[PDB]
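Novice: here we go, the starting part of the complex in its complex frame:
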Amino acid sequence: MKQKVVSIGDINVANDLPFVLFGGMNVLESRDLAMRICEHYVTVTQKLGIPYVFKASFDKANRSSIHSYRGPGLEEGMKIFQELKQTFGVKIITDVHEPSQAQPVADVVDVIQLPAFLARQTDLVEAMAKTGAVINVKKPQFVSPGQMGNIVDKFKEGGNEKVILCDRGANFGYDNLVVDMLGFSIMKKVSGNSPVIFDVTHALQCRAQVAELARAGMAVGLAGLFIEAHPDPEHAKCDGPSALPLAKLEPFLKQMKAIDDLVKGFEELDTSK
Amino acid sequence: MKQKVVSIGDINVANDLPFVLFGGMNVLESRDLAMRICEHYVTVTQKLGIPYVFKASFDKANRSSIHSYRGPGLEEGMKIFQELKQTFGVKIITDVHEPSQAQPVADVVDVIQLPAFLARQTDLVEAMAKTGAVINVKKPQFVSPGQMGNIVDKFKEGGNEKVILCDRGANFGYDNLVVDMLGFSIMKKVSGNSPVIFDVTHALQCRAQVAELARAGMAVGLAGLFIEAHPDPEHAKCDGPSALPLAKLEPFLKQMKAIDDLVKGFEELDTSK
């Protein structure tokens, strides 16, 4: 039962391989903050031997008001990914909402993300399947692990088979997320052993709890980990979804590699019988 | 505490008024089936004294595969609403996905629907607020009743205050919906007493159970009821979301008016103290 590998450049993402980091920041506030954030990742990733794909959003469609911070935009934003790639030479992942945005970005970046709310948007899977780029499918909180067969299948059809699944937790009554550790196996199984990644930040909201959560995730064994940081977490340890104090990256990423390695090399165990 | 009224033509939708029906069919399969479906509504509505707004979808973005039945389309579909309005003289409600579709439809139809998955899509609320049309906001299964303040507020901002809220149940573990009867009061309260409607069909999936559910809903007291029917329910009593056997409309709508009336005229009761 050998794992499907998804390769973002030299980067080999798979559930049996050493874990990839899709770290970064929520939005592209400024380049000035983008570059400083990307700095700490690349330095600490490269030091600690952790494959790295940078992540920031150029657009927002989940603002609370209309006359809020949309963000850079499709046009202004892609230049800031040009200027980061050359300066640091890392792979960039960003979310895409409108179908028309799909091709523009697949050129600029390496991994495109399918936001959870739009996971069941065939108009967007169609148009994002076209690009031929590596897809990150965020697993909707309101969709069960087994239902992720259909979204991978829809991608297959559109031609694109370079797909990652990202668990960002599941609705647990009102205004609460829980992470179903069992979900990861089910998403692997139903996905032709596609790479599963745990979006630990977006699986929190209602902390010190980033740590304990992401360990548990990694101890299952995953292809990668999706995290967001901030130098001063919007002030509160949580910029909307719970952002990690940038400073604490290394001693945290220490803990994750330590588990990912201890776990990834394990006399394959079958409690089945 | 007098209710906010939303008027679709002569039709006055409000939580204290006699209940409006937003009945119809899932997709516009053919006009031949559209018109026959619309027939039974108009005849039974008009007989039974139930304000009526017809509902069918022109587009689908919730297909399971890409090379599936998209449906009529934005262009072919709107003609079939022209040809229904003149022939039957009823108000048409349809869902809208892409932001560009918003203005085209607000002309053709009376009520536009904001699909649950895209409820947190500011690009679409913005563009749908513009039209100035009556909005039906489907309440996401993964969003709590109190959170519906923000979506009504976002609509206010964009200029549009002619907004209905539609409960289509809430995620209850994996692959299961429950309807929180308490939700209706909370959505009223937080919405400036906006009209709340119960999408009974879309709150089912995993029946004979359409009946018992929609009673319970109506006994709370609601502005309206959102239902879909079929002559032969795709064969199974459930065309995706659980469709009502068209024949059983009258003896069912009998039951709903009977509750809506008994309830709507009630020495206002305060169990608060």
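Specialist: Now that the structure is in, tell me what you want to look at. Residues are numbered from 1 along each chain as shown, chains lettered A, B, ... in the order given.

Novice: and residue A:263, what is it in contact with?
Specialist: By CB atoms under 8 Å, 6 or more residues apart in numbering or on different chains, the contact set of residue A:263 is A:218-221. C-beta coordinates here come from the backbone N, C-alpha and C atoms, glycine included.

Novice: what's the neighbour count on the closest residue to residue A:174 other than its chain neighbours?
Specialist: Nearest non-adjacent residue to residue A:174, counting by CB to CB, 6 or more residues apart in numbering or on different chains: residue B:144, 3.8 Å away. Using other CB atoms under 10 Å in any protein chain shown, residue B:144 has 18 neighbouring residues.

Novice: get me the contact residues on chain A for chain B.
Specialist: With CB under 8 Å from any CB of the partner chain as the criterion, chain A meets chain B at residues A:60-68, A:70, A:97-99, A:117-118, A:120-126, A:129, A:140-142, A:144-147, A:150, A:153-154, A:157-158, A:170-171, A:174-175.

Novice: now residue A:187: which helix or strand?
Specialist: Assigned by DSSP states H and E, residue A:187 belongs to helix A:183-190.

Novice: for the next helix-or-strand element following that helix, name the packing helices and strands.
Specialist: Sequence order places strand A:196-199 as the next helix or strand after helix A:183-190, per DSSP H and E. Of the remaining helices and strands, those touching strand A:196-199 by 3 or more CB pairs under 8 Å, 6 or more residues apart in numbering or on different chains; DSSP states H and E are strand A:163-167, helix A:183-190, helix A:209-220, strand A:224-226.

Novice: contacting residues around strand A:196-199?
Specialist: Counting by CB under 8 Å, 6+ apart, A:13, A:15, A:20, A:22, A:136, A:138, A:164-169, A:179, A:184, A:187-188, A:214, A:217-218, A:222-226 sit against strand A:196-199.

Novice: and what of stretch A:172-183?
Specialist: A:139, A:141, A:144-145, A:167-171, A:198, A:203-206, A:213, A:216-217, A:220, B:144-147, B:170.

Novice: quick one: which of the helices and strands packed on strand A:196-199 is nearest residue B:232?
Specialist: helix A:183-190 (32.2 Å; CB to CB).

Novice: next one is chain C, place it on the structure:
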Amino acid sequence: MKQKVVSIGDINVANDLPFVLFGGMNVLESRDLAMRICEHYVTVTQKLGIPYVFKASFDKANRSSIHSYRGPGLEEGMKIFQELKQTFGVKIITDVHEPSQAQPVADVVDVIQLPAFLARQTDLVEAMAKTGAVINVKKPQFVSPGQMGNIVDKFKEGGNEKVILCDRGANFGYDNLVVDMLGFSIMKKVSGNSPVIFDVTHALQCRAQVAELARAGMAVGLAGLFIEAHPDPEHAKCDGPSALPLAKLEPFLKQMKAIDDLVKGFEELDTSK
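Specialist: Same chains as before, plus chain C:
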């Protein structure tokens, strides 16, 4: 599909019959308050043509601290049921925890209640099946409607078939209950059409919301309704589980009979096909 009837004296409890009230108070604080509470029920029940079974607890095992108000006790409590029966001539229902309490009470009272937490306690079902009394099984928040087959079956075995099921809601994430209106049909079906009753008070906790909830329940159509009141609801409209302001009984019970009747006589509808 004629309903199983359960007869508490002259009182005929069944899902097709006019609805029975199992109204009352949480604990037997004093007789002085017991009798005053029982007064308002009997007067308003008898006025309004609503079969009535009084309910109060003699014991508590759900106190928050040990050195709290246990309540009257097995010995002191049963005398206060003697003194209520003679004075008012109504049927008394009380909960039972220890297996040894089962026989003592089945003599003193008419209906014994199986508390939710102990629903899966064979030692207690065995001993409560023995009595031959009418059982009220509270449906655990953590047990699904279909699982109520097994508890009715366990009762059958022990000899006792005079069993009512009481829905008191279901766990909905942390520290939250939801009532699944669909549950009532499933509990009927799996229970040999046993009488289902809705414990509206105990299905609330986290109100004005008693009203809207109990309507919805009744509009499904039920054998009965389980409620608790207080003259001054411990001060807050909610003595632990949300207690109804005693004064508002009539104008509330007005609303319930009005639905129970409108519903109970209904050209039986099959949305199944």
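
Novice: again for the neighbour count of residue B:144, since chain C is there now?
Specialist: For residue B:144, using other CB under 10 Å, the count is 19.

Novice: and it, how far from residue C:21?
Specialist: Residue B:144 is 32 Å from residue C:21, where distance means CB to CB, to the nearest Å.

Novice: kindly calculate the angle that the helix holding residue A:187 makes with helix A:209-220.
Specialist: 40 degrees (axes from the mean of the first three to the mean of the last three CA atoms, to 10 degrees).

Novice: what residues sit buried inside helix A:183-190?
Specialist: A:183-184, A:186-188, A:190 (16 or more other CB atoms under 10 Å in any protein chain shown).

Novice: now the phi/psi pair for the spatially closest residue to residue A:84 that is not a sequence neighbour, please.
Specialist: Leaving aside its sequence neighbours, residue A:84 sits nearest to residue A:38 (CB to CB, 6+ apart; 5.6 Å). Here is the backbone geometry of residue A:38 (degrees, to the nearest 10): phi -60, psi -40.

Novice: how far away is residue A:38 from residue A:195?
Specialist: On the measure of CB to CB, residue A:38 and residue A:195 end up 23 Å apart.

Novice: please enumerate the helices of the stretch 1-150 of chain A.
Specialist: All helices of the stretch 1-150 of chain A, identified by DSSP state H, counting those that start in this stretch, fall at A:31-48, A:74-88, A:102-108, A:122-130, A:148-158.

Novice: most tightly surrounded among the ones you listed?
Specialist: helix A:122-130 (a mean of 22; mean count of other CB atoms under 10 Å in any protein chain shown).

Novice: endpoints of stretch A:67-74, how far apart?
Specialist: 18 Å (CA to CA, to the nearest Å).

Novice: buried stuff in it?
Specialist: A:70-72, A:74.

Novice: nearest to residue A:84 among those residues?
Specialist: Once CB to CB is applied, the member of the buried residues of stretch A:67-74 that ends up nearest residue A:84 is residue A:72, at 12.3 Å.

Novice: ok, now which ones touch the closest one?
Specialist: A:27-28, A:58-59, A:80.

Novice: columns distance to chain C on top of those, output as TSV?
Specialist: Listed next are the contacts of residue A:72 as TSV, based on distance: CB to the nearest CB, whole Å:
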residue	distance to chain C
A:27	29
A:28	34
A:58	34
A:59	31
A:80	39
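
Novice: next one is chain D, place it on the structure:
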Amino acid sequence: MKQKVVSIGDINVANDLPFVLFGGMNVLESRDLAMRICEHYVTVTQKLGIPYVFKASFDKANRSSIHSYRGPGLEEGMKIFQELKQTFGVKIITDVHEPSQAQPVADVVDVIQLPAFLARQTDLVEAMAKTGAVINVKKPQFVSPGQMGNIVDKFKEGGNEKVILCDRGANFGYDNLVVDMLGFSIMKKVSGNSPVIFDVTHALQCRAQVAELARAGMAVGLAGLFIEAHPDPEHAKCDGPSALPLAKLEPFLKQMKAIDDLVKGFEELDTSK
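Specialist: So that you can see how it sits with the rest, here is chain D on the chains above:
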């Protein structure tokens, strides 16, 4: 923030200490199977350097029918714990239902367990607080982590402060459990840093999934792990709650110690700021 330690003989149970195993079997089927089961534990525990407390139930009150296998019984069962202690010299933990059973067992055994369904039974906490024995409180699926303050407090009152908390998952819609990894921190915090243990077997039901689950649990860092095994898992890898194939103990317990150690020694990390 040093951890509260609970000492079962020489055995020191605490969230910072190396993890204790509360392994064993569901019921005492026969001594012949009891002793063979206990054999494999003691051999593999002792080999692998894992503190061990054996667990089996003498009684069952969660049978599906009345005329089912009650089990050994309070009298016949305690002799089989005598005969295991002497032969193997390990600490025995068993569940207790009736209040009268509490003192008898606290003599025979080292750790008594408070079953989840009876966690809110003051009559049993009172009587189990008396014994002065080490308590294992199973955390009800229908009770949230923060609510575990009250049960520890109730134990304090009755005199007994030698209390362990055991997470056995939480209700996740109908007939489904999820384990909230975040729960462990909250139960620690609210419990005066009491020892938290993860009942991995009882957190499954609806497997190969025992493995992935218990890793995740341990990677959080816990005082101990509660598991049940069988030579031939009732035939299916799951004797009611999902039992572990006895043979696979070592290569599984290998994995758990490997995480417990890697985790337990960790430059304490604060993602809080």
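
Novice: could you re-examine the contacts of stretch A:172-183 with chain D now present?
Specialist: Outside stretch A:172-183, the residues touching it (CB under 8 Å, 6+ apart) are A:139, A:141, A:144-145, A:167-171, A:198, A:203-206, A:213, A:216-217, A:220, B:144-147, B:170, C:172-174, C:176, D:170, D:172, D:178-182, D:209, D:212-213, D:216.

Novice: now swap in stretch A:144-157 and tell me
Specialist: A:114, A:119-120, A:122, A:125, A:128-129, A:135, A:137, A:139, A:161, A:163, A:165, A:167, A:170, A:180, A:182-184, A:186-187, A:190-192, A:194, B:64-67, B:174-175.

Novice: about what we covered before: weed out the non-buried ones from the contacts of stretch A:172-183.
Specialist: Buried members of these, scored by 16+ other CB under 10 Å, are A:139, A:141, A:144-145, A:167-171, A:198, A:203-204, A:213, A:216-217, A:220, B:144-145, B:147, B:170, C:172-174, C:176, D:170, D:172, D:178-182, D:209, D:212-213, D:216.

Novice: show me which residues of the stretch 101-250 of chain A are close to chain C?
Specialist: Counting by CB under 8 Å from any CB, the stretch 101-250 of chain A sits next to chain C at A:172-174, A:176.

Novice: closest to residue C:255 out of these?
Specialist: residue A:174 (26.9 Å).

Novice: which stretch of helix or strand covers that closest one?
Specialist: Counting by DSSP H and E, residue A:174 is part of no helix or strand.

Novice: next, give phi and psi for it.
Specialist: phi -80, psi 130.

Novice: any idea how far it is from residue B:186?
Specialist: Counting by CB to CB, the gap from residue A:174 to residue B:186 is 10 Å.

Novice: and if you look at residue A:191?
Specialist: Per CB to CB, residue A:191 is found 37 Å from residue B:186.

Novice: which non-adjacent residue is nearest the residue in chain A that chain D sits nearest to?
Specialist: Closest to chain D within chain A is residue A:219: 3.3 Å, counting by CB to the nearest CB. With CB to CB, 6+ apart as the criterion, residue A:219 has its nearest non-adjacent residue at 3.3 Å, and that residue is residue D:219.

Novice: verify the stated contact: the one you found with residue A:213.
Specialist: No - between residue D:219 and residue A:213 there is no contact, the gap being 9.7 Å when judged by CB atoms under 8 Å.

Novice: about what we covered before: quick one, the helix holding residue A:187 and helix A:148-158 angle?
Specialist: 40 degrees.
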